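Shown here: upload_26.pdb, PDB, N, CA and C atoms.
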```
ATOM      1  N   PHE A 197       0.725  30.776   5.203
ATOM      2  CA  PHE A 197      -0.350  29.817   5.435
ATOM      3  C   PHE A 197       0.121  28.590   6.205
ATOM      4  N   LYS A 198      -0.661  28.203   7.210
ATOM      5  CA  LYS A 198      -0.331  27.076   8.083
ATOM      6  C   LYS A 198      -1.610  26.266   8.263
ATOM      7  N   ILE A 199      -1.710  25.135   7.571
ATOM      8  CA  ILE A 199      -2.937  24.344   7.639
ATOM      9  C   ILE A 199      -2.952  23.542   8.934
ATOM     10  N   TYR A 200      -4.067  23.609   9.656
ATOM     11  CA  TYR A 200      -4.282  22.768  10.823
ATOM     12  C   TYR A 200      -5.212  21.630  10.432
ATOM     13  N   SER A 201      -4.864  20.410  10.833
ATOM     14  CA  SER A 201      -5.578  19.231  10.365
ATOM     15  C   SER A 201      -5.873  18.275  11.510
ATOM     16  N   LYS A 202      -6.947  17.507  11.338
ATOM     17  CA  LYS A 202      -7.249  16.379  12.206
ATOM     18  C   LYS A 202      -8.101  15.378  11.441
ATOM     19  N   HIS A 203      -7.886  14.097  11.742
ATOM     20  CA  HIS A 203      -8.617  12.983  11.136
ATOM     21  C   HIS A 203      -9.145  12.143  12.294
ATOM     22  N   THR A 204     -10.331  12.475  12.763
ATOM     23  CA  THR A 204     -10.828  11.901  14.001
ATOM     24  C   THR A 204     -11.757  10.714  13.744
ATOM     25  N   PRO A 205     -11.731   9.732  14.660
ATOM     26  CA  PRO A 205     -12.731   8.657  14.633
ATOM     27  C   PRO A 205     -13.959   8.995  15.466
ATOM     28  N   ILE A 206     -15.151   8.875  14.882
ATOM     29  CA  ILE A 206     -16.398   9.201  15.566
ATOM     30  C   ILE A 206     -17.430   8.113  15.295
ATOM     31  N   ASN A 207     -18.195   7.748  16.332
ATOM     32  CA  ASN A 207     -19.403   6.936  16.164
ATOM     33  C   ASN A 207     -20.539   7.615  16.924
ATOM     34  N   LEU A 208     -21.135   8.632  16.305
ATOM     35  CA  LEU A 208     -22.362   9.229  16.824
ATOM     36  C   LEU A 208     -23.381   9.613  15.759
ATOM     37  N   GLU A 209     -22.963   9.842  14.508
ATOM     38  CA  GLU A 209     -23.840   9.870  13.329
ATOM     39  C   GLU A 209     -24.896  10.975  13.391
ATOM     40  N   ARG A 210     -24.507  12.152  13.877
ATOM     41  CA  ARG A 210     -25.392  13.309  13.837
ATOM     42  C   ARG A 210     -24.555  14.578  13.778
ATOM     43  N   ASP A 211     -25.000  15.530  12.943
ATOM     44  CA  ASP A 211     -24.613  16.944  12.927
ATOM     45  C   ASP A 211     -23.137  17.218  13.202
ATOM     46  N   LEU A 212     -22.846  17.762  14.383
ATOM     47  CA  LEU A 212     -21.506  18.000  14.881
ATOM     48  C   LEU A 212     -21.207  17.069  16.048
ATOM     49  N   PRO A 213     -20.013  16.481  16.098
ATOM     50  CA  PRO A 213     -19.653  15.651  17.251
ATOM     51  C   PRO A 213     -19.542  16.468  18.528
ATOM     52  N   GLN A 214     -19.865  15.820  19.641
ATOM     53  CA  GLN A 214     -19.846  16.440  20.963
ATOM     54  C   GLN A 214     -18.670  15.846  21.734
ATOM     55  N   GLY A 215     -17.512  16.476  21.601
ATOM     56  CA  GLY A 215     -16.326  15.979  22.263
ATOM     57  C   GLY A 215     -15.203  16.987  22.200
ATOM     58  N   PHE A 216     -14.030  16.550  22.650
ATOM     59  CA  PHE A 216     -12.834  17.383  22.693
ATOM     60  C   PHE A 216     -11.872  16.914  21.608
ATOM     61  N   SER A 217     -11.698  17.735  20.575
ATOM     62  CA  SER A 217     -10.811  17.426  19.462
ATOM     63  C   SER A 217      -9.867  18.594  19.225
ATOM     64  N   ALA A 218      -8.607  18.280  18.940
ATOM     65  CA  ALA A 218      -7.572  19.282  18.728
ATOM     66  C   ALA A 218      -6.901  19.059  17.381
ATOM     67  N   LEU A 219      -6.624  20.151  16.679
ATOM     68  CA  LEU A 219      -5.988  20.102  15.372
ATOM     69  C   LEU A 219      -4.511  20.451  15.493
ATOM     70  N   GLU A 220      -3.741  20.052  14.482
ATOM     71  CA  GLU A 220      -2.305  20.262  14.517
ATOM     72  C   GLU A 220      -1.812  20.899  13.223
ATOM     73  N   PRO A 221      -0.871  21.841  13.312
ATOM     74  CA  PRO A 221      -0.253  22.389  12.096
ATOM     75  C   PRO A 221       0.784  21.420  11.546
ATOM     76  N   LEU A 222       0.697  21.141  10.247
ATOM     77  CA  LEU A 222       1.582  20.142   9.664
ATOM     78  C   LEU A 222       2.261  20.653   8.399
ATOM     79  N   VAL A 223       1.618  21.567   7.676
ATOM     80  CA  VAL A 223       2.189  22.137   6.460
ATOM     81  C   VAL A 223       2.086  23.653   6.543
ATOM     82  N   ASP A 224       3.238  24.318   6.499
ATOM     83  CA  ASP A 224       3.335  25.769   6.470
ATOM     84  C   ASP A 224       4.032  26.189   5.185
ATOM     85  N   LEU A 225       3.385  27.063   4.424
ATOM     86  CA  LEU A 225       4.013  27.750   3.297
ATOM     87  C   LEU A 225       3.980  29.246   3.568
ATOM     88  N   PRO A 226       5.100  29.850   3.953
ATOM     89  CA  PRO A 226       5.181  31.318   4.077
ATOM     90  C   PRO A 226       5.546  31.962   2.741
ATOM     91  N   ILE A 227       4.539  32.118   1.886
ATOM     92  CA  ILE A 227       4.751  32.436   0.484
ATOM     93  C   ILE A 227       4.271  33.843   0.131
ATOM     94  N   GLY A 228       3.151  34.290   0.699
ATOM     95  CA  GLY A 228       2.680  35.642   0.461
ATOM     96  C   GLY A 228       1.601  35.755  -0.599
ATOM     97  N   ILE A 229       0.349  35.919  -0.175
ATOM     98  CA  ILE A 229      -0.780  36.046  -1.095
ATOM     99  C   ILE A 229      -1.952  36.667  -0.341
ATOM    100  N   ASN A 230      -2.663  37.572  -1.013
ATOM    101  CA  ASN A 230      -3.935  38.088  -0.527
ATOM    102  C   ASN A 230      -5.059  37.122  -0.884
ATOM    103  N   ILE A 231      -5.938  36.859   0.084
ATOM    104  CA  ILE A 231      -7.057  35.936  -0.079
ATOM    105  C   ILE A 231      -8.354  36.695   0.161
ATOM    106  N   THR A 232      -9.284  36.601  -0.789
ATOM    107  CA  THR A 232     -10.603  37.206  -0.639
ATOM    108  C   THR A 232     -11.733  36.193  -0.740
ATOM    109  N   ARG A 233     -11.726  35.335  -1.759
ATOM    110  CA  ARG A 233     -12.790  34.359  -1.960
ATOM    111  C   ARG A 233     -12.168  32.994  -2.212
ATOM    112  N   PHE A 234     -12.621  31.994  -1.465
ATOM    113  CA  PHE A 234     -12.153  30.625  -1.604
ATOM    114  C   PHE A 234     -13.295  29.737  -2.090
ATOM    115  N   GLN A 235     -12.986  28.458  -2.271
ATOM    116  CA  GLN A 235     -13.967  27.418  -2.580
ATOM    117  C   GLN A 235     -13.294  26.069  -2.356
ATOM    118  N   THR A 236     -13.975  25.002  -2.762
ATOM    119  CA  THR A 236     -13.384  23.675  -2.767
ATOM    120  C   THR A 236     -14.087  22.839  -3.826
ATOM    121  N   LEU A 237     -13.349  21.899  -4.410
ATOM    122  CA  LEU A 237     -13.873  21.050  -5.470
ATOM    123  C   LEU A 237     -13.779  19.575  -5.105
ATOM    124  N   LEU A 238     -14.713  18.812  -5.657
ATOM    125  CA  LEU A 238     -14.926  17.422  -5.295
ATOM    126  C   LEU A 238     -14.758  16.540  -6.521
ATOM    127  N   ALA A 239     -14.217  15.346  -6.305
ATOM    128  CA  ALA A 239     -14.074  14.360  -7.366
ATOM    129  C   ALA A 239     -15.324  13.495  -7.406
ATOM    130  N   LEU A 240     -15.918  13.382  -8.585
ATOM    131  CA  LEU A 240     -17.097  12.558  -8.795
ATOM    132  C   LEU A 240     -17.000  11.986 -10.202
ATOM    133  N   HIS A 241     -18.121  11.506 -10.731
ATOM    134  CA  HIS A 241     -18.146  10.929 -12.068
ATOM    135  C   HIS A 241     -19.359  11.457 -12.812
ATOM    136  N   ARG A 242     -19.139  11.987 -14.013
ATOM    137  CA  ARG A 242     -20.239  12.327 -14.915
ATOM    138  C   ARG A 242     -20.614  11.125 -15.776
ATOM    139  N   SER A 243     -20.754   9.965 -15.119
ATOM    140  CA  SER A 243     -21.029   8.647 -15.695
ATOM    141  C   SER A 243     -19.955   8.160 -16.670
ATOM    142  N   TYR A 244     -18.884   8.948 -16.857
ATOM    143  CA  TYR A 244     -17.742   8.719 -17.748
ATOM    144  C   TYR A 244     -18.133   8.670 -19.228
TER     145      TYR A 244
ATOM    146  N   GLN B 489      23.547  33.768 -34.188
ATOM    147  CA  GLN B 489      24.667  33.279 -34.972
ATOM    148  C   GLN B 489      25.353  32.111 -34.265
ATOM    149  N   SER B 490      26.176  31.398 -35.028
ATOM    150  CA  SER B 490      26.713  30.102 -34.644
ATOM    151  C   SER B 490      27.925  30.227 -33.727
ATOM    152  N   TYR B 491      28.295  29.090 -33.136
ATOM    153  CA  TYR B 491      29.465  28.968 -32.271
ATOM    154  C   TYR B 491      30.626  28.256 -32.956
ATOM    155  N   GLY B 492      30.394  27.044 -33.451
ATOM    156  CA  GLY B 492      31.479  26.214 -33.931
ATOM    157  C   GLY B 492      32.129  25.446 -32.798
ATOM    158  N   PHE B 493      32.777  26.181 -31.886
ATOM    159  CA  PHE B 493      33.411  25.638 -30.677
ATOM    160  C   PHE B 493      34.418  24.536 -30.995
ATOM    161  N   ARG B 494      35.223  24.766 -32.026
ATOM    162  CA  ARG B 494      36.279  23.832 -32.364
ATOM    163  C   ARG B 494      37.380  23.876 -31.305
ATOM    164  N   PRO B 495      38.057  22.751 -31.063
ATOM    165  CA  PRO B 495      39.283  22.798 -30.249
ATOM    166  C   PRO B 495      40.406  23.580 -30.907
ATOM    167  N   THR B 496      40.359  23.767 -32.224
ATOM    168  CA  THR B 496      41.354  24.533 -32.959
ATOM    169  C   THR B 496      41.070  26.031 -32.961
ATOM    170  N   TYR B 497      39.975  26.468 -32.344
ATOM    171  CA  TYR B 497      39.675  27.889 -32.259
ATOM    172  C   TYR B 497      40.588  28.570 -31.241
ATOM    173  N   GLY B 498      40.526  29.896 -31.221
ATOM    174  CA  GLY B 498      41.313  30.673 -30.291
ATOM    175  C   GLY B 498      40.754  30.610 -28.881
ATOM    176  N   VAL B 499      41.474  31.264 -27.965
ATOM    177  CA  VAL B 499      41.050  31.290 -26.568
ATOM    178  C   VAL B 499      39.803  32.154 -26.400
ATOM    179  N   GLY B 500      39.562  33.084 -27.326
ATOM    180  CA  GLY B 500      38.336  33.854 -27.312
ATOM    181  C   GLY B 500      37.134  33.145 -27.889
ATOM    182  N   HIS B 501      37.332  31.962 -28.473
ATOM    183  CA  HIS B 501      36.253  31.225 -29.109
ATOM    184  C   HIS B 501      36.070  29.816 -28.563
ATOM    185  N   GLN B 502      36.852  29.414 -27.565
ATOM    186  CA  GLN B 502      36.656  28.118 -26.940
ATOM    187  C   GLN B 502      35.365  28.114 -26.123
ATOM    188  N   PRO B 503      34.689  26.967 -26.035
ATOM    189  CA  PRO B 503      33.485  26.878 -25.194
ATOM    190  C   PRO B 503      33.836  26.978 -23.717
ATOM    191  N   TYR B 504      33.239  27.959 -23.047
ATOM    192  CA  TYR B 504      33.349  28.126 -21.606
ATOM    193  C   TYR B 504      31.961  27.989 -20.999
ATOM    194  N   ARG B 505      31.846  27.134 -19.987
ATOM    195  CA  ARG B 505      30.595  26.952 -19.266
ATOM    196  C   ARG B 505      30.538  27.952 -18.118
ATOM    197  N   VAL B 506      29.508  28.792 -18.127
ATOM    198  CA  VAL B 506      29.340  29.872 -17.167
ATOM    199  C   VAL B 506      28.004  29.677 -16.463
ATOM    200  N   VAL B 507      28.027  29.736 -15.136
ATOM    201  CA  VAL B 507      26.823  29.856 -14.328
ATOM    202  C   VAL B 507      26.852  31.227 -13.670
ATOM    203  N   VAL B 508      25.896  32.067 -14.035
ATOM    204  CA  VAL B 508      25.718  33.366 -13.396
ATOM    205  C   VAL B 508      24.603  33.171 -12.373
ATOM    206  N   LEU B 509      24.992  32.769 -11.169
ATOM    207  CA  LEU B 509      24.033  32.607 -10.088
ATOM    208  C   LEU B 509      23.589  33.978  -9.600
ATOM    209  N   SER B 510      22.283  34.154  -9.420
ATOM    210  CA  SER B 510      21.741  35.427  -8.973
ATOM    211  C   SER B 510      20.785  35.194  -7.812
ATOM    212  N   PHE B 511      20.500  36.263  -7.073
ATOM    213  CA  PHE B 511      19.597  36.179  -5.936
ATOM    214  C   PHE B 511      18.688  37.396  -5.901
ATOM    215  N   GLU B 512      17.535  37.218  -5.266
ATOM    216  CA  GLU B 512      16.595  38.299  -5.019
ATOM    217  C   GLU B 512      16.021  38.156  -3.617
ATOM    218  N   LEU B 513      15.817  39.300  -2.968
ATOM    219  CA  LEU B 513      15.320  39.381  -1.597
ATOM    220  C   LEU B 513      13.937  40.026  -1.646
ATOM    221  N   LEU B 514      12.908  39.201  -1.825
ATOM    222  CA  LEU B 514      11.533  39.676  -1.824
ATOM    223  C   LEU B 514      11.053  39.831  -0.380
ATOM    224  N   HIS B 515       9.800  40.254  -0.209
ATOM    225  CA  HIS B 515       9.187  40.274   1.114
ATOM    226  C   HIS B 515       8.610  38.903   1.455
ATOM    227  N   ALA B 516       9.448  37.875   1.366
ATOM    228  CA  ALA B 516       9.166  36.491   1.698
ATOM    229  C   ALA B 516      10.315  35.951   2.535
ATOM    230  N   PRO B 517      10.061  34.953   3.388
ATOM    231  CA  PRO B 517      11.150  34.373   4.185
ATOM    232  C   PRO B 517      12.214  33.714   3.319
ATOM    233  N   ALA B 518      13.455  33.794   3.793
ATOM    234  CA  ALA B 518      14.596  33.319   3.028
ATOM    235  C   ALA B 518      14.640  31.796   2.993
ATOM    236  N   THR B 519      15.142  31.266   1.885
ATOM    237  CA  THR B 519      15.141  29.826   1.647
ATOM    238  C   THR B 519      16.519  29.261   1.338
ATOM    239  N   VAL B 520      17.357  29.996   0.609
ATOM    240  CA  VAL B 520      18.666  29.492   0.185
ATOM    241  C   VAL B 520      19.680  30.013   1.197
ATOM    242  N   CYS B 521      19.926  29.225   2.238
ATOM    243  CA  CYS B 521      20.847  29.622   3.290
ATOM    244  C   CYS B 521      21.755  28.445   3.611
ATOM    245  N   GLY B 522      22.953  28.751   4.117
ATOM    246  CA  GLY B 522      23.927  27.733   4.391
ATOM    247  C   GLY B 522      23.576  26.927   5.629
ATOM    248  N   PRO B 523      24.398  25.919   5.924
ATOM    249  CA  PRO B 523      24.195  25.139   7.153
ATOM    250  C   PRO B 523      24.393  26.016   8.380
ATOM    251  N   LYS B 524      23.422  25.964   9.292
ATOM    252  CA  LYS B 524      23.355  26.975  10.344
ATOM    253  C   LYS B 524      24.335  26.673  11.474
ATOM    254  N   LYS B 525      24.115  25.576  12.194
ATOM    255  CA  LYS B 525      25.018  25.224  13.280
ATOM    256  C   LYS B 525      26.013  24.145  12.867
ATOM    257  N   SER B 526      25.491  22.935  12.631
ATOM    258  CA  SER B 526      26.166  21.825  11.942
ATOM    259  C   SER B 526      27.561  21.510  12.488
ATOM    260  N   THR B 527      27.719  21.488  13.816
ATOM    261  CA  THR B 527      29.045  21.243  14.381
ATOM    262  C   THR B 527      29.135  19.948  15.181
ATOM    263  N   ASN B 528      28.442  19.830  16.323
ATOM    264  CA  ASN B 528      28.628  18.710  17.250
ATOM    265  C   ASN B 528      27.670  18.775  18.436
ATOM    266  N   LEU B 529      27.731  17.776  19.318
ATOM    267  CA  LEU B 529      26.913  17.742  20.522
ATOM    268  C   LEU B 529      27.777  17.402  21.730
ATOM    269  N   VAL B 530      27.436  18.000  22.874
ATOM    270  CA  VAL B 530      28.034  17.681  24.164
ATOM    271  C   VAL B 530      26.910  17.466  25.173
ATOM    272  N   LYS B 531      27.292  17.182  26.418
ATOM    273  CA  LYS B 531      26.330  17.056  27.506
ATOM    274  C   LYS B 531      27.048  17.242  28.835
ATOM    275  N   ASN B 532      26.272  17.663  29.841
ATOM    276  CA  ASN B 532      26.686  17.721  31.249
ATOM    277  C   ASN B 532      27.866  18.663  31.484
ATOM    278  N   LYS B 533      27.998  19.700  30.662
ATOM    279  CA  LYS B 533      29.024  20.716  30.842
ATOM    280  C   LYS B 533      28.371  22.083  30.978
ATOM    281  N   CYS B 534      29.009  22.962  31.748
ATOM    282  CA  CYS B 534      28.581  24.358  31.804
ATOM    283  C   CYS B 534      28.918  24.982  30.459
ATOM    284  N   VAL B 535      27.916  25.061  29.584
ATOM    285  CA  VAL B 535      28.125  25.362  28.177
ATOM    286  C   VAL B 535      26.965  26.232  27.706
ATOM    287  N   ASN B 536      27.212  26.999  26.649
ATOM    288  CA  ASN B 536      26.194  27.859  26.058
ATOM    289  C   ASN B 536      25.478  27.089  24.955
ATOM    290  N   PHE B 537      24.234  26.696  25.208
ATOM    291  CA  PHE B 537      23.482  25.983  24.188
ATOM    292  C   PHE B 537      22.923  26.956  23.159
TER     293      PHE B 537
END
```
Give the structure from the file, written as structure tokens.
Amino acid sequence: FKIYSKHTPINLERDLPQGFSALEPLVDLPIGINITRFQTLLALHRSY
Amino acid sequence: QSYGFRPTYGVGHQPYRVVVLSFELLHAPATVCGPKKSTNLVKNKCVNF
């Protein structure tokens, strides 16, 4: 696995930006795993 | 069962510290390797880089 990342500055405030952006590989783990289903989780508050 | 590990014990009963280092070669890239080149630098010579 080799994650490609970018942290771009944008001021257009709609949908997808219309420009030229390039990502870079920064973290590679050659570890070995089959991937079928992914997801992602978010930090929020259940009012504590 | 117990050790004791007295200094007055025999040579067969003295405490010896042993590290049995082991390795495995999985289908993953190797990680525990020695220093590869680690020698020196030159310049402006007909040399094999």
Which residue, A:221, A:215, A:226, A:205, has the smallest gap to chain B when you use only N, CA and C atoms? A:226
Do you know which residues the ChimeraX specification (/A@CA @<9) & /B@CA returns on this file, as a PDB file with N, CA and C atoms, in the frame of the given file?
```
ATOM      1  N   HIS B 515       9.800  40.254  -0.209  1.00  0.00           N
ATOM      2  CA  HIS B 515       9.187  40.274   1.114  1.00  0.00           C
ATOM      3  C   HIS B 515       8.610  38.903   1.455  1.00  0.00           C
ATOM      4  N   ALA B 516       9.448  37.875   1.366  1.00  0.00           N
ATOM      5  CA  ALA B 516       9.166  36.491   1.698  1.00  0.00           C
ATOM      6  C   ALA B 516      10.315  35.951   2.535  1.00  0.00           C
ATOM      7  N   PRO B 517      10.061  34.953   3.388  1.00  0.00           N
ATOM      8  CA  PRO B 517      11.150  34.373   4.185  1.00  0.00           C
ATOM      9  C   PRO B 517      12.214  33.714   3.319  1.00  0.00           C
TER      10      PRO B 517
END
```
Which value, in Å to one decimal, gives the distance between atom N of residue A:220 and atom CA of residue A:197?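 Result for atom N of residue A:220 versus atom CA of residue A:197: 13.7 Å, one decimal.
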Which of chain A counts as strand (DSSP E) under DSSP, as a short mmCIF file (atom, residue, chain, number, x, y, z; two decimals) with N, CA and C atoms, keeping the file's coordinate frame please?
```cif
data_model
loop_
_atom_site.label_atom_id
_atom_site.label_comp_id
_atom_site.auth_asym_id
_atom_site.auth_seq_id
_atom_site.Cartn_x
_atom_site.Cartn_y
_atom_site.Cartn_z
N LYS A 198 -0.66 28.20 7.21
CA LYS A 198 -0.33 27.08 8.08
C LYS A 198 -1.61 26.27 8.26
N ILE A 199 -1.71 25.14 7.57
CA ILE A 199 -2.94 24.34 7.64
C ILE A 199 -2.95 23.54 8.93
N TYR A 200 -4.07 23.61 9.66
CA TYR A 200 -4.28 22.77 10.82
C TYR A 200 -5.21 21.63 10.43
N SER A 201 -4.86 20.41 10.83
CA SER A 201 -5.58 19.23 10.36
C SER A 201 -5.87 18.27 11.51
N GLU A 220 -3.74 20.05 14.48
CA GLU A 220 -2.31 20.26 14.52
C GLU A 220 -1.81 20.90 13.22
N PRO A 221 -0.87 21.84 13.31
CA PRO A 221 -0.25 22.39 12.10
C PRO A 221 0.78 21.42 11.55
N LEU A 222 0.70 21.14 10.25
CA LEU A 222 1.58 20.14 9.66
C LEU A 222 2.26 20.65 8.40
N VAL A 223 1.62 21.57 7.68
CA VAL A 223 2.19 22.14 6.46
C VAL A 223 2.09 23.65 6.54
N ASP A 224 3.24 24.32 6.50
CA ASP A 224 3.34 25.77 6.47
C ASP A 224 4.03 26.19 5.18
#
```
Can you pull out the residues contacting residue A:224? Cut-off 10 Å, using only C-alpha atoms, and skip same-chain residues under 5 positions away; I want them as a JSON list (two decimals) with N, CA and C atoms, in the frame of the given file.
```json
[["chain", "number", "residue", "atom", "x", "y", "z"],
["A", 197, "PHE", "N", 0.72, 30.78, 5.20],
["A", 197, "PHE", "CA", -0.35, 29.82, 5.44],
["A", 197, "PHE", "C", 0.12, 28.59, 6.20],
["A", 198, "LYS", "N", -0.66, 28.20, 7.21],
["A", 198, "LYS", "CA", -0.33, 27.08, 8.08],
["A", 198, "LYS", "C", -1.61, 26.27, 8.26],
["A", 199, "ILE", "N", -1.71, 25.14, 7.57],
["A", 199, "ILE", "CA", -2.94, 24.34, 7.64],
["A", 199, "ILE", "C", -2.95, 23.54, 8.93],
["A", 200, "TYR", "N", -4.07, 23.61, 9.66],
["A", 200, "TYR", "CA", -4.28, 22.77, 10.82],
["A", 200, "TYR", "C", -5.21, 21.63, 10.43]]
```
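Evaluated against this file, the PyMOL selection byres ((chain A and resi 202) around 6) yields residues 200, 201, 203, 204, 218, 219 and 220 of chain A.
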Padding of 6 Å on every side, edges along x, y and z, all listed atoms of stretch 519-534 of chain B included: what centre and edge lengths in Å, to one decimal, does that box have, as lines of an AutoDock Vina configuration file?
```
center_x = 22.1
center_y = 24.2
center_z = 16.0
size_x = 26.0
size_y = 26.2
size_z = 43.6
```
Atom C of residue B:489 and atom CA of residue B:501 are how many Å apart?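 So the two atoms, atom C of residue B:489 and atom CA of residue B:501, lie 12.1 Å apart.
The gap separating atom N of residue A:230 from atom N of residue B:513 is 18.7 Å, in Å to one decimal.
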Please extract stretch 495-522 of chain B and write it out with N, CA and C atoms, as a PDB file, in the first residue's frame.
```
ATOM      1  N   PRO B 495      25.702 -18.244  43.170  1.00  0.00           N
ATOM      2  CA  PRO B 495      27.103 -18.275  42.718  1.00  0.00           C
ATOM      3  C   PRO B 495      27.851 -19.515  43.176  1.00  0.00           C
ATOM      4  N   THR B 496      27.371 -20.194  44.216  1.00  0.00           N
ATOM      5  CA  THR B 496      27.976 -21.418  44.720  1.00  0.00           C
ATOM      6  C   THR B 496      27.509 -22.663  43.976  1.00  0.00           C
ATOM      7  N   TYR B 497      26.612 -22.519  43.002  1.00  0.00           N
ATOM      8  CA  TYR B 497      26.167 -23.658  42.215  1.00  0.00           C
ATOM      9  C   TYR B 497      27.253 -24.085  41.229  1.00  0.00           C
ATOM     10  N   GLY B 498      27.024 -25.228  40.592  1.00  0.00           N
ATOM     11  CA  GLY B 498      27.951 -25.742  39.610  1.00  0.00           C
ATOM     12  C   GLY B 498      27.873 -24.979  38.300  1.00  0.00           C
ATOM     13  N   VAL B 499      28.749 -25.373  37.371  1.00  0.00           N
ATOM     14  CA  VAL B 499      28.781 -24.729  36.061  1.00  0.00           C
ATOM     15  C   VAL B 499      27.545 -25.102  35.247  1.00  0.00           C
ATOM     16  N   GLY B 500      26.906 -26.228  35.568  1.00  0.00           N
ATOM     17  CA  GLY B 500      25.655 -26.585  34.933  1.00  0.00           C
ATOM     18  C   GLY B 500      24.439 -25.883  35.489  1.00  0.00           C
ATOM     19  N   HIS B 501      24.601 -25.126  36.575  1.00  0.00           N
ATOM     20  CA  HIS B 501      23.485 -24.455  37.221  1.00  0.00           C
ATOM     21  C   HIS B 501      23.671 -22.950  37.353  1.00  0.00           C
ATOM     22  N   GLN B 502      24.771 -22.398  36.849  1.00  0.00           N
ATOM     23  CA  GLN B 502      24.954 -20.958  36.859  1.00  0.00           C
ATOM     24  C   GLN B 502      23.995 -20.296  35.871  1.00  0.00           C
ATOM     25  N   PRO B 503      23.538 -19.078  36.169  1.00  0.00           N
ATOM     26  CA  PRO B 503      22.680 -18.354  35.218  1.00  0.00           C
ATOM     27  C   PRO B 503      23.457 -17.942  33.977  1.00  0.00           C
ATOM     28  N   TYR B 504      22.974 -18.384  32.820  1.00  0.00           N
ATOM     29  CA  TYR B 504      23.504 -17.983  31.526  1.00  0.00           C
ATOM     30  C   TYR B 504      22.406 -17.262  30.759  1.00  0.00           C
ATOM     31  N   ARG B 505      22.727 -16.076  30.251  1.00  0.00           N
ATOM     32  CA  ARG B 505      21.799 -15.306  29.436  1.00  0.00           C
ATOM     33  C   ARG B 505      21.970 -15.712  27.978  1.00  0.00           C
ATOM     34  N   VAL B 506      20.886 -16.191  27.375  1.00  0.00           N
ATOM     35  CA  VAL B 506      20.882 -16.714  26.017  1.00  0.00           C
ATOM     36  C   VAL B 506      19.872 -15.918  25.204  1.00  0.00           C
ATOM     37  N   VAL B 507      20.298 -15.445  24.039  1.00  0.00           N
ATOM     38  CA  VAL B 507      19.401 -14.918  23.021  1.00  0.00           C
ATOM     39  C   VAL B 507      19.452 -15.869  21.836  1.00  0.00           C
ATOM     40  N   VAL B 508      18.326 -16.508  21.555  1.00  0.00           N
ATOM     41  CA  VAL B 508      18.185 -17.349  20.372  1.00  0.00           C
ATOM     42  C   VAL B 508      17.481 -16.483  19.333  1.00  0.00           C
ATOM     43  N   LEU B 509      18.275 -15.747  18.564  1.00  0.00           N
ATOM     44  CA  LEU B 509      17.732 -14.926  17.495  1.00  0.00           C
ATOM     45  C   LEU B 509      17.283 -15.823  16.351  1.00  0.00           C
ATOM     46  N   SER B 510      16.088 -15.571  15.827  1.00  0.00           N
ATOM     47  CA  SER B 510      15.547 -16.373  14.741  1.00  0.00           C
ATOM     48  C   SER B 510      15.041 -15.458  13.635  1.00  0.00           C
ATOM     49  N   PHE B 511      14.860 -16.030  12.447  1.00  0.00           N
ATOM     50  CA  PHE B 511      14.376 -15.269  11.306  1.00  0.00           C
ATOM     51  C   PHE B 511      13.370 -16.093  10.520  1.00  0.00           C
ATOM     52  N   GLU B 512      12.507 -15.386   9.799  1.00  0.00           N
ATOM     53  CA  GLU B 512      11.555 -15.997   8.885  1.00  0.00           C
ATOM     54  C   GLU B 512      11.471 -15.163   7.615  1.00  0.00           C
ATOM     55  N   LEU B 513      11.329 -15.857   6.489  1.00  0.00           N
ATOM     56  CA  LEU B 513      11.278 -15.253   5.161  1.00  0.00           C
ATOM     57  C   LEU B 513       9.876 -15.484   4.603  1.00  0.00           C
ATOM     58  N   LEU B 514       8.962 -14.566   4.906  1.00  0.00           N
ATOM     59  CA  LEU B 514       7.605 -14.631   4.385  1.00  0.00           C
ATOM     60  C   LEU B 514       7.583 -14.066   2.964  1.00  0.00           C
ATOM     61  N   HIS B 515       6.401 -14.048   2.346  1.00  0.00           N
ATOM     62  CA  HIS B 515       6.234 -13.378   1.061  1.00  0.00           C
ATOM     63  C   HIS B 515       5.980 -11.888   1.265  1.00  0.00           C
ATOM     64  N   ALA B 516       6.878 -11.234   1.996  1.00  0.00           N
ATOM     65  CA  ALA B 516       6.899  -9.811   2.279  1.00  0.00           C
ATOM     66  C   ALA B 516       8.313  -9.297   2.058  1.00  0.00           C
ATOM     67  N   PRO B 517       8.474  -8.013   1.722  1.00  0.00           N
ATOM     68  CA  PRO B 517       9.824  -7.464   1.539  1.00  0.00           C
ATOM     69  C   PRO B 517      10.643  -7.503   2.822  1.00  0.00           C
ATOM     70  N   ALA B 518      11.947  -7.703   2.650  1.00  0.00           N
ATOM     71  CA  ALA B 518      12.846  -7.884   3.779  1.00  0.00           C
ATOM     72  C   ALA B 518      13.079  -6.569   4.514  1.00  0.00           C
ATOM     73  N   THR B 519      13.277  -6.675   5.821  1.00  0.00           N
ATOM     74  CA  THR B 519      13.393  -5.503   6.683  1.00  0.00           C
ATOM     75  C   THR B 519      14.669  -5.484   7.512  1.00  0.00           C
ATOM     76  N   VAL B 520      15.132  -6.637   7.990  1.00  0.00           N
ATOM     77  CA  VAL B 520      16.298  -6.699   8.875  1.00  0.00           C
ATOM     78  C   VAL B 520      17.499  -7.014   7.989  1.00  0.00           C
ATOM     79  N   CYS B 521      18.159  -5.968   7.505  1.00  0.00           N
ATOM     80  CA  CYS B 521      19.301  -6.133   6.621  1.00  0.00           C
ATOM     81  C   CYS B 521      20.412  -5.202   7.081  1.00  0.00           C
ATOM     82  N   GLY B 522      21.656  -5.577   6.771  1.00  0.00           N
ATOM     83  CA  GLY B 522      22.793  -4.822   7.214  1.00  0.00           C
ATOM     84  C   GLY B 522      22.956  -3.528   6.437  1.00  0.00           C
TER      85      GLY B 522
END
```
